[PDB]
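To start, the structure itself, in structure tokens.
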Amino acid sequence: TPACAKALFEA
Amino acid sequence: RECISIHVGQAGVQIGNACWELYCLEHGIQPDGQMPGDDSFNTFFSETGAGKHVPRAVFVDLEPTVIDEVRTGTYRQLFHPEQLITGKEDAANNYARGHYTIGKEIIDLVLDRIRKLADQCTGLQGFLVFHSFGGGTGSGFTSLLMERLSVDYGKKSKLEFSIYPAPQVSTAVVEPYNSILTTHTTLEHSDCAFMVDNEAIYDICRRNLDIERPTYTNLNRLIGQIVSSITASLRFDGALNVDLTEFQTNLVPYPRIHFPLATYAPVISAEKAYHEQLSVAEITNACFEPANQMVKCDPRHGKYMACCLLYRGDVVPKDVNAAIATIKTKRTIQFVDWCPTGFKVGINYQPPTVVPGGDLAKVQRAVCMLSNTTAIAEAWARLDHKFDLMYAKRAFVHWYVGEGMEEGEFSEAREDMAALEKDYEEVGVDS
Amino acid sequence: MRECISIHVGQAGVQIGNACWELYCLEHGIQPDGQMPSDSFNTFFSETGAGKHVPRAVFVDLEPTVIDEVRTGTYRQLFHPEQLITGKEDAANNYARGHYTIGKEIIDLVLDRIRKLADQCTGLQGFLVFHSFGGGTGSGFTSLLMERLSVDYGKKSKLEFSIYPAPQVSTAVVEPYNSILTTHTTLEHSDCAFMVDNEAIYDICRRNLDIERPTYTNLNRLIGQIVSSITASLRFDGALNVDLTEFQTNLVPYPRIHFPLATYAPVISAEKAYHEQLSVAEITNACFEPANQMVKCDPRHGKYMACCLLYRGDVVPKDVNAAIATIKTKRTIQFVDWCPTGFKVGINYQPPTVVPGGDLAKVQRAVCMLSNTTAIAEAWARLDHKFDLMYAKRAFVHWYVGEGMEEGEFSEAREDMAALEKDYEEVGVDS
Amino acid sequence: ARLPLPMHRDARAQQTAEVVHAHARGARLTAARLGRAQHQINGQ
Amino acid sequence: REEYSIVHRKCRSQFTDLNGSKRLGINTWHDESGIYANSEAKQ
Amino acid sequence: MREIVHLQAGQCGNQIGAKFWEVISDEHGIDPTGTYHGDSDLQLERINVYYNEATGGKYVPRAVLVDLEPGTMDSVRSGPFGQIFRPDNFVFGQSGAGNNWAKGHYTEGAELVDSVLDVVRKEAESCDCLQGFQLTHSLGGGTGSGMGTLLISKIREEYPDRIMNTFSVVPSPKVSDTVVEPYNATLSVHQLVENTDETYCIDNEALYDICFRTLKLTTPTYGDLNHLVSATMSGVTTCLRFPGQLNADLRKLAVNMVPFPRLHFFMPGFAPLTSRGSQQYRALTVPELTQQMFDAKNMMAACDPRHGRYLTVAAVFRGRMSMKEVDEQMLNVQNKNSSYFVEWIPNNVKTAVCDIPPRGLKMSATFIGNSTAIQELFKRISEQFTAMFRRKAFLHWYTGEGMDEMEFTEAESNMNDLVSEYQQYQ
Amino acid sequence: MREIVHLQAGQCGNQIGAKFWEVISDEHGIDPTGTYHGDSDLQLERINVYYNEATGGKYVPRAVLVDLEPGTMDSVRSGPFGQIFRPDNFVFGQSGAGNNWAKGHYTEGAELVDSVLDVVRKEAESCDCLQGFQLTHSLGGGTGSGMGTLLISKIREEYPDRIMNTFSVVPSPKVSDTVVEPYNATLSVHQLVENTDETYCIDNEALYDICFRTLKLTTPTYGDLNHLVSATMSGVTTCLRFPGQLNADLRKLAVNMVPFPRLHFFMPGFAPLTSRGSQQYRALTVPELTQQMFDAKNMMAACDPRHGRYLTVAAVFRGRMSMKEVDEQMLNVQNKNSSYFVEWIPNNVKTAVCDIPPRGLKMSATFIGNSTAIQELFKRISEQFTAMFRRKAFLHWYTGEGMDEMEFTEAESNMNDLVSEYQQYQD
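Which chain is which? The protein sequence lines are A, B, C, D, E, F and G, in order. Numbering-wise, the authors' numbering puts 297 at position 8 of the first sequence, and it's gapless, one number per residue. According to the authors' numbering, the stretch in the second sequence is residues 2 to 37, 45 to 439, in order. According to the authors' numbering, the stretch in the third sequence is residues 1 to 38, 47 to 439, in order. Numbering-wise, the authors' numbering puts 128 at position 22 of the fourth sequence, and it's gapless, one number per residue. Numbering-wise, the authors' numbering puts 179 at position 7 of the fifth sequence, and it's gapless, one number per residue. Numbering-wise, the authors' numbering puts 121 at position 121 of the sixth sequence, and it's gapless, one number per residue. Numbering-wise, the authors' numbering puts 9 at position 9 of the seventh sequence, and it's gapless, one number per residue.
Written out as structure tokens, the structure is:
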């Protein structure tokens, strides 16, 4: 979930 | 597609002759067993390598003299010997005789025997159980059969045509002690469960057919005309069809409320048969008319909770779907609002069969409804009526206590259906 | 060249051998005078040059009344006269007589007619020993014979079909003193061992067959149907074959743990054989069943250490492997933790033969199973009570002590078996 | 209580099923946020 | 009275049970074709 | 170049899979054995939209038939044109649901969806350039509705650009045979709407309204209902296989008919409905075919645009005929459609001409077209899902598959506003 | 010019390899007595690969039959084609192995191993240029696997440049007709690692799935399973006997599919297997041969390649067919799938075309694949070896034959590294 949030921020 | 009869009682074996004589002429079976592949029979009959077709049934009695008339009857070669289980003493209108003391010797062989008539079944739809609540084997051992049978299979199907006692004419006095200590136990131990009263079949036979002075066999014809119709779509092709899992699915709204009850339509005699027309509409009015029912419970007091239809013969899906609309028109009929459509229609092409020694002619159209109704709550109110008019001064209670039992099982199985009479109460009030 | 030499000791052993050797003359073509009217016979029958076949059998007794019916019966010309050894006064229900005092008269003489039979044998597979634990020469002298065979032949295969004394029904008073003093000779001197008591064979003939009142002939006929189905993989060909070495490889995990359990599947009567279906999946259900088991111990209490099935007739490995997978699925059985492969399969082309005047029906399929179970540790511990009950007050020990026995064997061979009950305990407790 | 109740295995399923649509709902959003991202990705 | 009528009655189920405990004679493949005993409904 | 893979789903799915494939076989000259006995040569040109080639000059349909009970698949092989189907295509369970959407959608059918999806990826990558798929299912069942929406849910997540269609069999306000049919139908329309491209509602009251009031039949069966349904279902794929002056794929009958990707509900019709005494008085002129579609005595869903708008309408015509009269007779009635059409779409009618007429005929016509008189279909379904869920009617059949009450609670609110999505054009 | 010396070991090894010779002899037109009655010359020009000449125009195979009991060497001789073999090459002992891996490796099969290396050298030094041997055996018995690894362990040392192919029948995961199976197979796969060039893996359970579900037979048998093995044995070695448009020897497949020397366990298959009834619908083209090599139900091993990655793929086509249309389909499957192919080999498929088709067919096809889903086989043998070996169950039937307990402990750790070898070409 934190990793997914980081990916969304990168996007 | 196998469907195993399990018939318990002497009414198990008086009905294991009428149903299986019908099943030896609906399919053209000789009383030796042979037949002058077709494989419509494969729900019920087995097959060996000699072209012989043994029924997949076990009969349970605790009286040894009700089955010895079967073993020396006309069909003495049809049944394989090991299937008709007898006791050595009966249980004699008593719960704990047949439930806790005498049935412990017949609980071993029938639970070994049904694991051989269910080993042959690649797809077994569901066992059937027919019993009378009255005597010991139809009450006690029949209660004791199902509790272990739940363990042995889990969620396979258990059906219950039964013989409830009549509201006024009964064989005995201690039927209510057996009638009420099964309906407590058979709540969580039954998938579907039908009822019938013998005086209700009396009011049909000599009235609507022209046959006064019956016998139970002249009643036992009519139950076979219904036990076949529930499995009519399983052995013969239809425009629609309904199997054993499907009709209970549209008829059991709550897993305690699984008690349907209704009749069979064209019950008219061979002087009224070939003189009137008997269309699809002219048979559905009879199943809705209360004077031609097959219970002594009248649904003018009740709400048609859910229904089911079984059509045989020369029906077309037009007039099936046309007289259904006229049922909606008249307000003598009252559905409940939380079941807006209410029907399941199973249309079978095969016309029903006339039995030798039967009374009814050869008729092209028929209906066997199975409608739940809240006017089945006038049954239980008239049997708590007479249990507490007999348990009030502790009558007969010494019989059951010292038969491997405790006095407490009367009270908790009487306080149980006090709230089951509320379970059938709340579905009669709308928000 | 697959020879097996049969030794029969006792009236139990001789009358068993009259049932086995009347069986094999019919399975092959031998008439009672020895003549084949025509090499599948060659693991049992020898041959002269004049077309006469003579068994590889030794009949041993300490009383002349038993063998004197063999010498004047029907098969009096099948046997060479030296092979029927007789004493002059029997051991008289006494271990000490048959082992120490009377047994030394015949141990010198039977160990010479064994050497002549095992010098005609090119590939000897192994002996077969038939005795009973209860009698004098069945327990005493057989213990003396095994003690001499382990030095004479060493690492040869020796098998013992036995008769354990039945738990309650029994014909003796000094039965437990023999049947505990024979443990060491079946512990340190046998390679495989089978204990089938007469009470469990009684529950098959009256139940599976229609023989009420079976005499000992109807018991010895069924033990020929286990010997032949163990050894028909030696004589008649098969799709798969197992020798005597190949199952004890696959059934005996540790050298203390050599006691399997035998069962033969279709025991049916020609009254009922019209009705049952009798496939290959149907008979393999019934080797696993605690009613058809052949000693009164129930393997549902214990963990199956291994198995070995032996199929005869018209069987294909498709049908063998299909029903093995059904046996695996049911949690009514429970294999041991460290036997996950499990089984062993033998498929033989020859159907089992039919004896006239016998009892069974002519079938085309059969199974014989030898399985090893932790639930054998109840049969000896039932007899552990009845020995130390009687030995507590020192009854009957004056007979054995005066017949050349020290009294330490009563308190040593009791603990020679009191370790083997705790030995069988630990080899069935999970990791 | 220390004993397993006569019935409950159904509840077992009920519990897990909750988790099913549960974690499922969350992932639905993750992909959903991603979808707008992709749609925007498409635009650019 | 009515006779042994196989006009509406059903036949062997092809898709449910697939084994040769129902077919007489020797077969080697599954009998997969639309030919029934009740092929005479259409006529 | 353009293939179609056809999907039946259920008992109603299969007895509608008989007569569609009957009339296509007669449309393209196919005997009950399977081969070709043709009196033309336009009847083998584009026949490969539907029929896979086989050896010996055979032609087997690209149809995968699913059902969760074997008792009515084997009747389909027993049927008249049952020998023309290769038998791998049936996907048969052991015991299905039978008027219960829940068993098919999580417990029984949800492990039969993983076996069809091998088969449909055989009949999809066998084609060269696949054009689409098609469903015909019944909402009232357990298999076509329960499992059958797990097809559409899964198959749109592997083939997203291709086209799919459904000929929905929605339950009817009087012709019903199931108590439990609203839970069957309401719990799939959102699994329908969020996925599917096209819908059509096939109500059996409407087929009864054709045979009696127009065709004058005595004893209609469903066989005299499967023809009327599938006489439309050839008519939407007509110019896929037969050329014309102006063409219309099912794709292009959507791209001028689907504004918003949830607004796709329709109401078909069909031109020649004459009794065999009124087949005598066949004037057979281009006014005759059109004026049934405008008439409210033909429409194949029990819904009427007297209460609504003929929002966006489509016409497809069969017959070698005059391109001046096809687009004149549409305009002769379009001007008096004054409160019958919306204001914000001025040229609604998409036309087509298929030169090859239906078998035994010379001219006909067909109509499919969206409306805001179809949000009165769904509220009459869910006036009886709110007259029955407030007392927890058949709920014990439904929570025992892990279904919480939020799934019930959503798919009342998840369709109450789609009705209000369709509503504002009224 | 390129000879193959056939070896076969055990009851499994002889009932497989007696049906293989009936397959080959009717592939070349040889009657049951051995003479030649054919209508080509491609049937005869490359017959020296397998057949020694005899006198009078009679041909005898290059096969040596070893066994440890004389009962299964008389059902072979009394079959249809049992009279074609030279009788000296029949080797049988007198006392069986007894399903005992030690008894055939150390005790009974160490005196029979000296009596068969006289036979295999008379047939190896009579070839003009020996290509390589074979073996057919089972890893569940005693003489197929105990002695049958003692042969490969010995004749790799004497002939270390030739080819040593094997056709294993490794134990089945579901059906198991021997309790003492896992001690046999665990102690034998270590001997396969060092001494063998290629090894196929055949499960008898996955032969049963073909013969029921796809071929649709009422009664399968161990002749309808020995026809499936022999129709794959013939496909690998048909570019040695028949001309093609593109050739492939026994070396040219081992060169391409075996990158690292410890990884030689393959997964056979065979394409045109169709029923009587479905033949009218089936049997069409070359896209219906690449459709059914690569179908994951047709693998002759009971391990599915969807679990892992194809290290290398192979295909041998039979029939006179188009060199374009063969090559377009292998391009078609290598590009649609991504994670079924290893990253560091960008052309994972090798192809071959042989002209003369199998018997009764107009075209056919054959497959070999190499997977890192073959290492789920050894994680299931080692789950049932150390299940038994933890509490020391059947240990006296092996230790009393002359072994010791740390020969077991090394042989599991000679398999628990090849499992963790294949797990590092996983990523």
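For every residue, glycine included, the Cβ atom is placed at its ideal position computed from N, Cα and C.
Do residue i and residue j have their CB atoms nearer than 8 angstroms?
| i | j | result |
| --- | --- | --- |
| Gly109 (chain G) | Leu135 (chain G) | no |
| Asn102 (chain B) | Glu411 (chain B) | yes |
| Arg306 (chain F) | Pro173 (chain F) | no |
| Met267 (chain G) | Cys211 (chain G) | no |
Verify the CB distance criterion: does residue i have a CB-CB separation below 8 angstroms to chain C?
| i | result |
| --- | --- |
| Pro80 (chain G) | no |
Where DSSP assigns a beta bridge to residue i, which residues make up the other side?
| i | result |
| --- | --- |
| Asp69 (chain C) | C:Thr94 |
| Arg320 (chain C) | C:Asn356 and C:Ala374 |
Using a Cβ-Cβ distance cut-off of 8 angstroms, determine whether residue i contacts chain E.
| i | result |
| --- | --- |
| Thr218 (chain G) | yes |
| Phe266 (chain F) | no |
| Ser54 (chain B) | no |
| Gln11 (chain F) | no |
| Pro87 (chain F) | yes |
If residue i sits next to residue j, beta carbons under 8 angstroms apart, how far is it from one beta carbon to the other, in whole angstroms?
| i | j | result |
| --- | --- | --- |
| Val76 (chain F) | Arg2 (chain F) | The Cβ separation is near 27 angstroms, so there is no contact. |
| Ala314 (chain G) | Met257 (chain G) | 6 angstroms |
| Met302 (chain C) | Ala201 (chain C) | Between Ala201 (chain C) and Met302 (chain C) the Cβ distance is about 14 angstroms, and since that is not below 8 angstroms, they are no contact. |
| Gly232 (chain C) | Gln94 (chain G) | With a Cβ gap of about 29 angstroms, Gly232 (chain C) and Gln94 (chain G) do not count as contacting. |
| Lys304 (chain B) | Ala174 (chain B) | 6 angstroms |
| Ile24 (chain G) | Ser339 (chain G) | At roughly 39 angstroms, the Cβ-Cβ gap does not stay under 8 angstroms, so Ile24 (chain G) and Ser339 (chain G) are not in contact. |
Does any residue of chain D have a CB that is nearer than 8 angstroms to the CB of residue i?
| i | result |
| --- | --- |
| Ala300 (chain A) | yes |
Can you tell me which of the three DSSP states residue i falls into?
| i | result |
| --- | --- |
| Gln35 (chain C) | strand |
| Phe408 (chain G) | helix |
| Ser230 (chain F) | helix |
| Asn186 (chain C) | helix |
| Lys58 (chain G) | strand |
| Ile152 (chain G) | helix |
| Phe90 (chain G) | strand |
Give a yes or no on whether the minimum CB-CB distance between residue i and chain B is below 8 angstroms.
| i | result |
| --- | --- |
| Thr200 (chain E) | no |
| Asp304 (chain F) | no |
Hey, is residue i's beta-carbon within less than 8 angstroms of any beta-carbon in chain F?
| i | result |
| --- | --- |
| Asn191 (chain E) | no |
| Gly206 (chain E) | yes |
Does the CB of residue i have a neighbour CB from chain G at under 8 angstroms?
| i | result |
| --- | --- |
| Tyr319 (chain C) | no |
| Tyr262 (chain C) | yes |
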